[PDB]
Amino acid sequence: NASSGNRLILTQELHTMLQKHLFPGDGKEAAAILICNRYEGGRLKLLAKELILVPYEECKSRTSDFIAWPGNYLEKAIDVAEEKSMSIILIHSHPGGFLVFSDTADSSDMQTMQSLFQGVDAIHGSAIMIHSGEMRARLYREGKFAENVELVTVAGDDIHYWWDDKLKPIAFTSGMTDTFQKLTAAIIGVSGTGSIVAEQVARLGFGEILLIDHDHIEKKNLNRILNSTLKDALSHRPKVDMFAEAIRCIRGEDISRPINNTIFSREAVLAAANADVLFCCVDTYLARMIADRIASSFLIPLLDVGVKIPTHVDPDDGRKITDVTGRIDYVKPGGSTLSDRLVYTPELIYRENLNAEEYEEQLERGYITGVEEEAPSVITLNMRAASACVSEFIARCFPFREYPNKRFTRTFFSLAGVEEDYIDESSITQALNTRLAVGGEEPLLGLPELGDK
């Protein structure tokens, strides 16, 4: 139901810049222009890419209820958006009244929206911001008002959802469910951890749940996969089909969307790109890499979770558990990526995708290092990690902690070491992310394998 409402996503950095320009302190209206890419999937997603600020000095009038700014900046925006038919969104301070003057004519808001369409054959919009940051937007189709943006959102250290139909609801409350009911969650990997994440997402009330996985239930994984059964293992049932049916039975509605495929596929990516949050629960580097590319290209907050039980072998006792650890990583669009945090690397992905004979011969040559041996995964550790992963999302949508959510960008706990650590977003080094808000620019995700013909 609430799974096709259009979206307008800004990055934290861009929104912070916009808010500053729109509320400099003089109490007068200011103007700016967003240039957005689009993903026209199940729902329309406007992905803010470029920001033009209209300098106060160039404006002919600036008042607490009105502003008049020159159309040379509307021509700059059209020039930026002409090549890719990008969407242009005008932004103005809370009152919002404005005109656009040329040297020969003035343009009302409705006439300025007609001018944008004549310049670019695409959807365009007009938004308004209030002092606190909240935004509301109206989409104009074919130069004439049409629909309002159902959701304008910024996924920053805190996650912001500004609904059209709109104190803040506290956590674990009805208002929380109502926010989740309008959202779509993607679970990449319906695994030991993934199936626990999926269960929580279902019972928490999310409106749409994508399940991406190629694997099947087996007698081996009947000790970890929630809602799996002996019958499913003996019939080698796809994991997504199994869990899609369980959600339907639990929620009494077909909210699940099973994707029987690897995340590394056009089908899974283009489906995951519709989600409002990504839960990466695959234990491969390549999978974590694909999930991190989706998050930046389609401005989707990503939560990546991992667990590991490394084992050694003592000559006096025998095989021993070295450590019992877990990791939760939250990745906001524009902030540090999983690549920045070295969750995966080119070297790490190479060794993994080597053949069985390729891996051994390279290992003999000493160019590649050997993989670390580990114990069998256990349901308890998976459960400890998956509960923290989903709790991280709640804390960022409905802050309840005694410290800024930024302090817990990365989390590393240890059941054996009985120790838990946290890393701040500000202590992680970020590399240039030119692929931010590019959407489905081909080749998809920048990978020629995922490209169209």
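Note that residue numbering begins at 1 and tracks the sequence as displayed.
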Can you tell me how many deposited residues have no coordinates between residue 166 and residue 167? The categories are none, 1 to 3, 4 to 9, and 10 or more.
4 to 9
The stretch whose C-alpha atoms carry the larger average B-factor in the entry, 312-320 or 339-347, is 312-320
May I ask you to compare 356-364 and 214-222 by their mean CA B factor in the entry and name the higher one?
356-364
From the list 273, 290, 170, 303, select the residue with the highest C-alpha B factor recorded in the entry.
170
Among 38, 396, 384, 60 - the residue whose C-alpha B-factor is largest in the record
60
Please place residue 434 in the lowest, middle or highest third of its chain by C-alpha B factor as given in the entry.
highest
Relative C-alpha B-factor of residue 44, binned into the chain's lowest, middle or highest third:
middle
Test of reading the entry: by CA B factor among the chain's modelled residues, which third contains residue 391?
lowest
Splitting the chain's C-alpha B-factors into thirds, which one does residue 264 fall into?
lowest
Ranked by Cα temperature factor within the chain, is residue 208 in the lowest third, the middle third or the highest third?
middle
